[PDB]
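Printed here is entry-v3.cif (mmCIF, C-alpha atoms and all ligand atoms):
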data_upload
loop_
_atom_site.label_atom_id
_atom_site.label_comp_id
_atom_site.auth_asym_id
_atom_site.auth_seq_id
_atom_site.Cartn_x
_atom_site.Cartn_y
_atom_site.Cartn_z
CA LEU A 2925 108.77 63.53 85.79
CA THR A 2926 110.66 64.81 88.89
CA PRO A 2927 109.70 67.15 91.76
CA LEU A 2928 110.62 70.82 91.86
CA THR A 2929 113.87 71.73 93.61
CA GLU A 2930 115.00 74.95 95.25
CA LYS A 2931 116.87 75.76 92.03
CA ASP A 2932 113.71 75.04 90.03
CA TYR A 2933 111.90 77.58 92.18
CA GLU A 2934 114.38 80.30 91.24
CA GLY A 2935 113.53 79.58 87.61
CA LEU A 2936 109.79 79.66 88.33
CA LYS A 2937 110.24 83.07 89.97
CA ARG A 2938 112.08 84.34 86.89
CA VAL A 2939 109.31 83.06 84.60
CA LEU A 2940 106.55 84.55 86.76
CA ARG A 2941 108.31 87.92 86.97
CA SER A 2942 108.72 87.92 83.18
CA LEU A 2943 105.00 87.35 82.73
CA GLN A 2944 104.20 90.12 85.21
CA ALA A 2945 106.39 92.61 83.31
CA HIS A 2946 104.84 91.83 79.92
CA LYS A 2947 102.85 94.66 78.38
CA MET A 2948 99.92 92.33 77.68
CA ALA A 2949 99.81 90.89 81.19
CA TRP A 2950 97.75 93.81 82.52
CA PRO A 2951 94.39 91.90 82.57
CA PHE A 2952 95.90 89.05 84.60
CA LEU A 2953 98.02 90.70 87.28
CA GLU A 2954 95.26 90.69 89.94
CA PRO A 2955 92.00 88.76 90.37
CA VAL A 2956 89.07 89.75 88.17
CA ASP A 2957 87.06 92.43 89.95
CA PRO A 2958 83.32 91.63 90.11
CA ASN A 2959 82.75 95.14 88.73
CA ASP A 2960 84.74 94.26 85.58
CA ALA A 2961 82.22 91.47 84.85
CA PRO A 2962 79.30 91.01 87.26
CA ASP A 2963 78.59 87.35 86.39
CA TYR A 2964 82.26 86.31 86.20
CA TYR A 2965 82.41 84.32 89.43
CA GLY A 2966 79.16 82.52 88.63
CA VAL A 2967 80.57 81.49 85.24
CA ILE A 2968 84.21 80.72 86.10
CA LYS A 2969 84.45 78.10 88.81
CA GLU A 2970 88.24 78.26 89.36
CA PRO A 2971 89.47 81.83 88.88
CA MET A 2972 93.20 82.34 88.67
CA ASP A 2973 95.58 85.28 88.34
CA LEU A 2974 99.30 86.03 88.51
CA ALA A 2975 99.19 87.51 92.02
CA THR A 2976 97.67 84.27 93.27
CA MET A 2977 100.42 82.30 91.54
CA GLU A 2978 103.04 84.61 93.06
CA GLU A 2979 101.72 83.90 96.55
CA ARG A 2980 101.75 80.19 95.74
CA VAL A 2981 105.36 80.33 94.51
CA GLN A 2982 106.46 82.26 97.62
CA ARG A 2983 104.78 79.66 99.86
CA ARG A 2984 106.31 76.76 97.86
CA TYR A 2985 102.82 75.53 97.02
CA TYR A 2986 103.92 73.71 93.85
CA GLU A 2987 105.55 70.29 94.09
CA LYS A 2988 105.60 69.48 90.35
CA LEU A 2989 106.08 71.67 87.28
CA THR A 2990 102.80 70.37 85.85
CA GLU A 2991 100.96 71.99 88.79
CA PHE A 2992 102.50 75.39 88.02
CA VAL A 2993 101.69 75.02 84.32
CA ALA A 2994 98.10 74.00 85.15
CA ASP A 2995 97.54 77.19 87.17
CA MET A 2996 99.00 79.35 84.38
CA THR A 2997 96.84 77.56 81.82
CA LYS A 2998 93.72 78.23 83.94
CA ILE A 2999 94.35 81.99 83.64
CA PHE A 3000 94.19 81.78 79.84
CA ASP A 3001 91.52 79.07 79.61
CA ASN A 3002 89.23 81.10 81.91
CA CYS A 3003 89.78 84.19 79.80
CA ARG A 3004 89.02 82.52 76.47
CA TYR A 3005 85.93 80.77 77.88
CA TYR A 3006 84.40 83.90 79.39
CA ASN A 3007 85.30 86.37 76.66
CA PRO A 3008 84.53 86.38 72.93
CA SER A 3009 87.47 86.13 70.56
CA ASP A 3010 87.22 89.84 69.68
CA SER A 3011 87.60 90.98 73.31
CA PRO A 3012 90.85 92.77 74.26
CA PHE A 3013 91.20 90.34 77.19
CA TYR A 3014 91.03 87.39 74.78
CA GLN A 3015 93.67 88.99 72.55
CA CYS A 3016 95.91 89.54 75.59
CA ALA A 3017 95.46 85.90 76.60
CA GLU A 3018 96.62 84.73 73.16
CA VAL A 3019 99.74 86.91 73.24
CA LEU A 3020 100.70 86.09 76.82
CA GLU A 3021 100.11 82.35 76.50
CA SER A 3022 102.49 82.15 73.55
CA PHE A 3023 105.02 84.15 75.60
CA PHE A 3024 104.60 81.77 78.52
CA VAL A 3025 105.22 78.80 76.24
CA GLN A 3026 108.43 80.45 75.03
CA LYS A 3027 109.57 81.06 78.62
CA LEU A 3028 108.42 77.59 79.70
CA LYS A 3029 110.56 75.95 77.02
CA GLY A 3030 113.54 77.95 78.26
CA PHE A 3031 112.88 76.90 81.85
CA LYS A 3032 112.70 73.21 80.93
CA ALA A 3033 115.91 73.49 78.90
CA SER A 3034 117.79 74.95 81.86
CA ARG A 3035 116.69 72.16 84.26
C1 LIG B 3101 91.84 93.64 88.09
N1 LIG B 3101 92.01 93.67 86.92
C2 LIG B 3101 91.59 94.95 86.37
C3 LIG B 3101 91.80 95.01 84.83
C4 LIG B 3101 91.19 93.89 84.09
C5 LIG B 3101 90.69 92.77 84.90
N2 LIG B 3101 90.86 91.53 84.13
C6 LIG B 3101 89.62 90.99 83.53
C7 LIG B 3101 88.36 91.76 83.70
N3 LIG B 3101 87.13 91.23 83.09
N4 LIG B 3101 87.15 89.97 82.32
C8 LIG B 3101 85.94 89.50 81.75
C9 LIG B 3101 88.40 89.22 82.13
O1 LIG B 3101 88.44 88.21 81.51
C10 LIG B 3101 89.64 89.75 82.75
CL1 LIG B 3101 91.18 88.86 82.55
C11 LIG B 3101 91.35 92.53 86.30
#
Final structure tokens representation of the file:
Amino acid sequence: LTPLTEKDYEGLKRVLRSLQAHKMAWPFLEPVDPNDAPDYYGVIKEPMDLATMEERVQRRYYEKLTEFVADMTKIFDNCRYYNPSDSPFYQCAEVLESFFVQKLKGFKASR
């Protein structure tokens, strides 16, 4: 639609910080450690995590909201692809994605 403004970036920071404070965000705060899953980086071609997104927000990496949403969606898509549906990581991804949608709707409403 329209490119992100400085005021949009304040809203992105608020959304990201809300995700980072969520109780079920613990699997996604930092990159997957190869010890957590030895074949992870051979299976997942574009890893993503919230610390990486935080660095990108601080550097003003994102020009459009769709790019920020795409990175967030990678976090959850990676998790559901690698893990079976009974895994605690998978369950966390389901909870946090629905929370992100709720926060995303609020962000778009405030624009
Ligand atoms: C660093 N941090 C430590 C706790 C959990 C881990 N997150 C994982 C680990 N393994 N797998 C398979 C995953 O999908 C995720 Cl999100 C990342």
Checklist entry - Counting all atoms listed in the file, what residues are within 10 Å of ligand LIG 3101 (chain B), given as a VMD selection string? => result chain A and resid 2949 to 2965 2968 2971 to 2973 2999 to 3008 3011 to 3014 3016 to 3017
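Using all atoms listed in the file, the nearest neighbour of residue 2925 of chain A within the list A:2969, A:2983, A:3029, A:3035 is A:3035.
Closest approach to residue 2992 of chain A from the set A:3028, A:3009, A:3034, A:2945 is made by A:3028, with distances taken over all atoms listed in the file.
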Checklist outcome for this item: In Å and to one decimal, atom CA of residue 2979 of chain A is distant from atom CA of residue 2940 of chain A by 10.9 Å
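Distance-wise, atom CA of residue 2941 of chain A and atom CA of residue 2988 of chain A end up 18.9 Å apart.
Here the question is which of A:2943, A:2936, A:3019, A:2996 gets nearest to residue 2982 of chain A using all atoms listed in the file, and that residue is A:2936.
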Checklist entry - Which one is closest to residue 2948 of chain A: A:2987, A:3031, A:3026, A:3015? Count all atoms listed in the file. => result A:3015
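Atom CA of residue 2932 of chain A is found 21.5 Å from atom CA of residue 2946 of chain A.
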Item to check | Counting only C-alpha atoms, the residue of A:2980, A:3033, A:2938, A:2997 that sits nearest residue 3018 of chain A | outcome: A:2997
Go ahead and find all residues with at least one atom no further than 9 Å from (108.5, 65.4, 82.6) in the file's coordinates, using all atoms listed in the file; report them as a PDB file with C-alpha atoms, keeping the file's coordinate frame.
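To be explicit, this is the file written out as out_31.pdb:
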ATOM      1  CA  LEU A2925     108.770  63.530  85.790  1.00  0.00           C
ATOM      2  CA  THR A2926     110.660  64.810  88.890  1.00  0.00           C
ATOM      3  CA  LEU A2989     106.080  71.670  87.280  1.00  0.00           C
ATOM      4  CA  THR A2990     102.800  70.370  85.850  1.00  0.00           C
TER       5      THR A2990
END
